[PDB]
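> coordinates only, sequence not included:
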Ligand code: CLA
Ligand code: CLA
Ligand code: CLA
Ligand code: CLA
Ligand code: CLA
Ligand SMILES: CCCCCCCCCCCCCCCC(=O)OC[C@H](COP(=O)(O)OC[C@@H](O)CO)OC(=O)CCCCCCCCCCCCCCC
Ligand SMILES: CC1=C(/C=C/C(C)=C/C=C/C(C)=C/C=C/C=C(C)/C=C/C=C(C)/C=C/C2=C(C)CCCC2(C)C)C(C)(C)CCC1
Ligand SMILES: CC1=C(/C=C/C(C)=C/C=C/C(C)=C/C=C/C=C(C)/C=C/C=C(C)/C=C/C2=C(C)CCCC2(C)C)C(C)(C)CCC1
Ligand SMILES: CC1=C(/C=C/C(C)=C/C=C/C(C)=C/C=C/C=C(C)/C=C/C=C(C)/C=C/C2=C(C)CCCC2(C)C)C(C)(C)CCC1
Ligand SMILES: [Cl-]
Ligand SMILES: [Cl-]
Ligand SMILES: [Fe+3]
């Protein structure tokens, strides 16, 4: 009841702030929901999956994650056996029942507080030692999880690699990149065009390598936070309360969600186009390729063909000179993909390779990706807005990019919400202004 | 789904919505306690 | 009759009927098919 | 309490046709061209 | 006396107040709302527009409309007993009679509602500024649904009552009147958006300058409607906005009047400009720009680009949006850039 | 050009360092109660 | 003479006069039964 | 035609059924009014 | 200490304008964006926004009035690449390709983000509750949507909203041609947010002005009945609620001022949040509802609705936007 | 204060209400259904059925051209079906 805590029913989970047993319960109960959805969604996707269709023509976002990890697929992304998808769903689903059972138990049946039950699980938010210790344990868990990805790539079948010679395939990662100048060079590239920050990672070696690195970084920091207490400069620079830590993570979860958006929109390495459909830049570049191949077959000389604007119709230069695809796709010349890189010489697209070396599988790939561009209506009509009904399709990339920008934006709002409140609760005016000691009434007047 | 489990493929169509219902139940419950 | 029961069943009636309208949007008149 | 009032009339001129209309709109989902 | 007896009953304190204004308001409002609901569910637009527009035909909530009567009806009142329907309910529906029915009963409903605000204000003891402010909705409705089509060839070019139909209206007004360029609409934008701003910012300011009058962390309980003290701090809210923005309100009465003034003023300005568009008296062009562009083919602004878009709208939508014109544009006259 | 790039890089560094070091110099304590 | 539209005009006139009549008839009656104190 | 009576039938039944469940409680209301 | 004096003045509550640490970024970035905007609006030369060597004039001195003038977005040849002054061979090349646009929008987004933080900050220094900045997040997100987020998803700052009155309308029109944003429920909620906010703003102002308590004569303004900082409320909430509850019915009215003012904040902010999100998700080409040819007759003839009339208009914008820039038949950029 | 009618809470809670309304709400709902399932809604309002928008060989839309003989023009359209 609201008279006991201060918080109303719509803010009822704030009554959990200093009840560690119930708070543990809700948390473990929530984690079951995530794992539940993961397993449930997978089985739904598998019950609706058709192997003869590409995954991206079928509204699948999880099976693509599983196949990128190397389970279920063969060369060029073709699904060869669906039993590994089945396992991933069943196991998550079965586990969620466990997470649910404990979560509900701690919520309504276990002891409401832990601090009198055990001195190890109990915690006071203002206790900077115990908090860094819990942080340390979880950092250790995160490090292990990042190493499980390494282990799957190096010791347990490998990963799907769209860049693999002969066409993408599952491949075991023998030489992860450990060179800090490469791994942390990604963390220092520009976010802007032609650079890409971490989103530009375009080889499994660099992926596997970076995970070895944060895997080690995390475990070390975990050990470091278990053994130390926060220094004095950190003590006076932060707010030490449950809501304060919740806000710090909302900001982080927000930053991560934006980054996830850009990753699935631009990157076709850890999001294989074989599974997720082409990217935006890719499908546009694929369109230009398709018409280059068609017109050249008719007898056009695509290097010297001038276009209406005077620029080249099929081929122009970039601002740094590189031979790129022409037309409005000029904006997409930073695109890189395995169907197009064979035509790339050192100066950009090689006119001789365009004339003599285009292979049927490339023409097929360009046409497929041109007519599967991530463009569609909310009710999944495929194409520009002016398209008539016929094609039921929205790219998984659109679906994943749009949702996680929404989640990211709202979690940034969440950060601003709980941050300011944490600051006001600690200072003692989160409930409003004391009439008998109004601060402004004691400051001097601006004029 | 493997055919030995084809009997549940109606049940699979519903499962992913179960987490949403959990959100709704918290309102049934607060309605039952009069908020 | 407890109101919380009336609240849940009415909404449940609402959710069903809305779901039937969205359902029809993919079949029969106005389905594009 | 009285049973029929100005309110009574007001709720029934909105509500009676609403349920009637929802019924008609319900059946429309099963019209095939 | 019977008049004072009927006044006693109309002005009774009930759940839904009636009043003298109720004799006009309720039947007209109920009939406007009932007519819209009736038509969007059952009534076509196949003979007026060539359009489907009912739930019964396949439309969803975004595409149902009570559509306007065909251009050939002119400004006919389209009464049920009038000369076009001649008392046939079926034909009246097929001819667009629900459109005028709704617009006219709606117009009179709005009169009844504004009279209602007057009637209740006088009985309760308050000044009548709420009814004054409702002038702006009435001015908007009158200019867009009555004056604008009265200026044009027929009720056909009024807005049809529907969600997507309203969107088409918006798009017609860009392609044909270049309505975005009209400074009277610009003043409306600034009063609508500036009203949203004042609504958001005044609500936040009060909620974030509250005094602490309870001990609960949900701060709503700490207000009693019968209390005498302000519930938030005008002094503190003033210093904050003084130091953040430069200027701050210091007078609560002027602040609330200003919240009336801004969006009311802006809707009235957009009505004025719609009155101009009734006569095709548009802000369509700037003569100086057209003289330069006709003599200098390298001159290109965003103004000249918008006109290319307006010309594309007009040629591509007119054959089906104005079907009484029997327009037939062979492909080669359609304006279009390369490729598309 | 390069002189400008270096000039702006120094300017930006300067203000960014004012920001981090200002918000570390004991911000929570700067409040009225 | 009385054209079809002029006949319609009276149709509408009497309809409206009937509607407002039944309206005010019923409203006066209710007001007489359920008076105030 | 026959369709009209098909449609009005439930409403007539419903109205009559409601009339019968409310009738003792209404005639007391009117009786209370006549004062 | 000298650094402590500086910090004491940065954070002072006695400054006519509050500076603060957020302000140490805000002031220079806004001043830079403002000065460059003023200069480019008046004086910039034509900019080749569509990267097809067809430059678009936007400044006053080049034949624009207040209505047609814009700072033109940077070239499509640039795309999402960063393009400060030093990346250009000369000021002349920078102006031709749209440099001032990036300079302005990036400084502005940084400056307005810190404006939001400044709002939390002074509120904390004053003993206030902290959420005014959460409300300001709704227009800030909207600005982020049209200057930054929508260029990212489309792949070029050249699809950013021009800094100009007509340029803005060119943005709305091309957007509707490409994404059908009128048929998108997130823009509809934005309409419901600004219309509703206008309505409620109008309502609250008329209701409070209506309930003002007589304190003045007729030969003076009713406003002089309120004095800055009186403890008595200046209007009668009970009378105002008495009125408005009778206008509709009593339970549809607010008798709690805090509950009413919270509603005043939440309705426009949420709706603007969603419309920011609508621009931000149409950036990734998740478009408004498409009902084109949705209704069909028994033979198979198309039976148009109003959606199909919206499409004919969308088509006419489509084939005329960027009239020389397309060499291939699908609009994928 | 309270105006005088019976609270809606006590009404949708009371047993008498749901005795009455578990019949009436379904009756109207079934009534609405039958209004469409019998095809009555088509003829009352004149809305074409999926086979009554054109004749078997026609793509011209039956648009009303004349104001005063319009009632007859619509009926000359329905006959050509
Ligand atoms: C993810 C959602 C989530 C979770 C995990 C929790 C969890 C919790 N809430 Mg919160 N809450 C939520 C959403 C959530 N809430 C929402 C959305 C609202 C708004 C309506 C609230 C409003 C709210 C209020 C107002 C309060 C709480 C409180 C609580 C705590 C005690 C609840 C209680 O007494 O239940 C009692 C209810 C029951 C005993 C009924 C049964 C409930 C269980 C969980 C059903 C489980 C079903 C499941 C299928 C069983 C699995 C079995 C297993 C073998 C697999 C608990 C830790 C309370 C608190 O803080 O107390 C100090 C409190 O006052 N919540
Ligand atoms: C990030 C999450 C995410 C993403 C990217 C997808 C993406 C997809 N899902 Mg999946 N799904 C999700 C979550 C997600 N889903 C969840 C949580 C559930 C449980 C209900 C499901 C259940 C589910 C099913 C059962 C199916 C899909 C399917 C699909 C596809 C079609 C989506 C569609 O048409 O939606 C329609 C679009 C909407 C319903 C719009 C919703 C808009 C939301 C409500 C806005 C919310 C805004 C904000 C959060 C609200 C708070 C604001 C407040 C704080 C102010 C698509 C590939 C379908 C498919 O093709 O499968 C093969 C399918 O059948 N999903
Ligand atoms: C984060 C999860 C979490 C946490 C912090 C706690 C904490 C606690 N639980 Mg709870 N519990 C949990 C999950 C959790 N539980 C789950 C999931 C279940 C359902 C299976 C239960 C079921 C449960 C019961 C039935 C009881 C408790 C009790 C306790 C208390 C005593 C535990 C003890 O001494 O363990 C000592 C340590 C061990 C027994 C060894 C644990 C070895 C683990 C499981 C190995 C696997 C680790 C691996 C990382 C897990 C991966 C999970 C996956 C989802 C990623 C303590 C306060 C007791 C209590 O409070 O009684 C009053 C009690 O009776 N818990
Ligand atoms: C989940 C991860 C996590 C969390 C929450 C914490 C939390 C904490 N750590 Mg720990 N730590 C972690 C992981 C984490 N650490 C790991 C994995 C390591 C091993 C490398 C360390 C190593 C470490 C050390 C060595 C120290 C801490 C300390 C701290 C405390 C102060 C942090 C601080 O001031 O940050 C604020 C960050 C700054 C002031 C840095 C300056 C500003 C930077 C440059 C901003 C850049 C952001 C920008 C957007 C760019 C991002 C992308 C890219 C370019 C980098 C705090 C309790 C301190 C303490 O008191 O320990 C006892 C301390 O000295 N941590
Ligand atoms: C930033 C974008 C923006 C903004 C803020 C506006 C703002 C405005 N536009 Mg503009 N407009 C825009 C962009 C924008 N427009 C663009 C890009 C175009 C294309 C060129 C248009 C095209 C356009 C047109 C065509 C019109 C406007 C009009 C308006 C005004 C409408 C005001 C209003 O509330 O009417 C709403 C209507 C009313 C308030 C009338 C009264 C309604 C009553 C009170 C309703 C009662 C309902 C009842 C209770 C029952 C309902 C039940 C039902 C829901 C079930 C307003 C000033 C209108 C105008 O200027 O009118 C004078 C107009 O006709 N705009
Ligand atoms: C809990 C769900 C939150 C949803 C998003 C946030 C909604 C409100 C955000 C408005 C911020 C306005 C600026 C400052 C506004 C401001 O200052 O607020 C002040 C006001 C009162 O604050 P208190 O200090 O009393 O309470 C906040 C905490 O202190 C808890 O006590 O805050 C609230 O009441 C929050 C209500 C939470 C419940 C919100 C649910 C409403 C949304 C429901 C879903 C709508 C979906 C629509 C779909 C189309
Ligand atoms: C705290 C709380 C809460 C929450 C709760 C929760 C969140 C819970 C969770 C729970 C959970 C989370 C649960 C789970 C469960 C699961 C399960 C129960 C499962 C089972 C499964 C199975 C049995 C499987 C089967 C199968 C197989 C084996 C194969 C395939 C097919 C099938 C599917 C048949 C709420 C909000 C209400 C409020 C109150 C308080
Ligand atoms: C895995 C991987 C990778 C890698 C990754 C990495 C290596 C990462 C790292 C990362 C990192 C290394 C991160 C970090 C971050 C940081 C941050 C995020 C920060 C934050 C900060 C803050 C938040 C602060 C704040 C403040 C200020 C500003 C002042 C004073 C106050 C305060 C404290 C509040 C790669 C890409 C190779 C590839 C792929 C895979
Ligand atoms: C015309 C006319 C008339 C009138 C009639 C009337 C007056 C009618 C009424 C009618 C009505 C009165 C109807 C109603 C309807 C209703 C409806 C049809 C509804 C529906 C609803 C829904 C569907 C819901 C939805 C929703 C919402 C909105 C909220 C939440 C969400 C949801 C989705 C649940 C007369 C004969 C005198 C004369 C001649 C002409
Ligand atoms: Cl254009
Ligand atoms: Cl092109
Ligand atoms: Fe106020």
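That came in fine, so what should we check first? Numbering: from 1, shown residues only, chains lettered A, B, ... in the order given. Ligands and ions are numbered 1, 2, ... in the order given.
> any idea how far the residue nearest the centre of chain B lies from chain F?
The centroid of chain B falls nearest to residue B:18 when counting by CA atoms, centre = their mean (2.4 Å). Separation of residue B:18 from chain F (CB to the nearest CB, to the nearest Å): 43 Å. (Each C-beta comes from the backbone N, C-alpha and C, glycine too.)
> now residue E:166
Residue E:166 is 48 Å from chain F, by CB to the nearest CB.
> surely that residue forms part of a helix?
Yes: under DSSP: H, G, I helix; E, B strand; the rest coil, residue E:166 falls within a helix.
> got the contact list for it?
Contacts here follow CB atoms under 8 Å, 6 or more residues apart in numbering or on different chains; on that basis residue E:166 touches E:159, E:160.
> cool, residue E:321 as well?
Counting by CB under 8 Å, 6+ apart, residue E:321 has contacts E:168, E:172, I:309, I:312, I:313.
> packing partners of the helix or strand where the residue nearest to the centre of chain B lies?
Assigned by DSSP states H and E, residue B:18 belongs to helix B:18-32. Judged by 3 or more CB pairs under 8 Å, 6 or more residues apart in numbering or on different chains; DSSP states H and E, helix B:18-32 is in contact with helix A:20-48, helix C:3-24.
> 6 Å instead?
When contacts are defined as 3 or more CB pairs under 6 Å, 6 or more residues apart in numbering or on different chains; DSSP states H and E, helix B:18-32 sits against helix C:3-24.
> tell me how far the closest residue in space to residue E:228 that isn't next to it in sequence lies from ligand 8.
Take residue E:228 and drop its neighbours on the chain: the residue closest to it by CB to CB, 6 or more residues apart in numbering or on different chains is residue I:232, 5.8 Å away. Residue I:232 sits 42 Å away from ligand 8, going by CB to the nearest ligand atom, to the nearest Å.
> hey, what's residue I:232 bridged with?
residue E:229 (DSSP bridges).
> separation between it and residue E:227?
Using CB to CB, to the nearest Å, residue I:232 is found at 10 Å from residue E:227.
> of those two, which one has the most company?
Taking other CB atoms under 10 Å in any protein chain shown, residue I:232 and residue E:227 do not tie; residue E:227 has more neighbours (14 against 11).
> assumed the more buried one was part of a helix.
No: membership of residue E:227 in a helix is not supported by three-state DSSP, which gives coil.
> ok, and the closest non-adjacent residue to whichever residue of chain C sits closest to chain A?
Among the residues of chain C, residue C:32 lies nearest to chain A; the distance is 3.7 Å by CB to the nearest CB. If the residues on either side of it in the chain are set aside, residue C:32 comes closest to residue A:389, at 3.7 Å by CB to CB, 6+ apart.
> could you do residue E:40 as well?
The shortest distance from residue E:40 to any non-neighbouring residue, by CB to CB, 6+ apart, is to residue E:64 (3.7 Å).
> contacts only, for the one you found.
Counting by CB atoms under 6 Å, 6 or more residues apart in numbering or on different chains, residue E:64 touches E:40, E:53, E:162.
> repeat that for 7 Å
By CB atoms under 7 Å, 6 or more residues apart in numbering or on different chains, residue E:64 lies in contact with E:40, E:53, E:54, E:55, E:162.
> pop out the phi and psi values for it.
Here is the backbone geometry of residue E:64 (degrees, to the nearest 10): phi -70, psi 140.
> how close does it sit to residue A:86?
45 Å.
> what does residue A:347 give?
The gap separating residue A:347 from residue A:86 is 49 Å, by CB to CB.
> who has more neighbours, those two?
Using other CB under 10 Å as the criterion, residue A:347 and residue A:86 rank with residue A:86 on top: 18 against 11.
> remind me what the helix or strand in which that one is found packs against, helices and strands.
Element membership for residue A:86, per DSSP H and E: helix A:83-104. The contact analysis (3 or more CB pairs under 7 Å, 6 or more residues apart in numbering or on different chains; DSSP states H and E) places helix A:83-104 against helix A:20-48, helix A:62-68.
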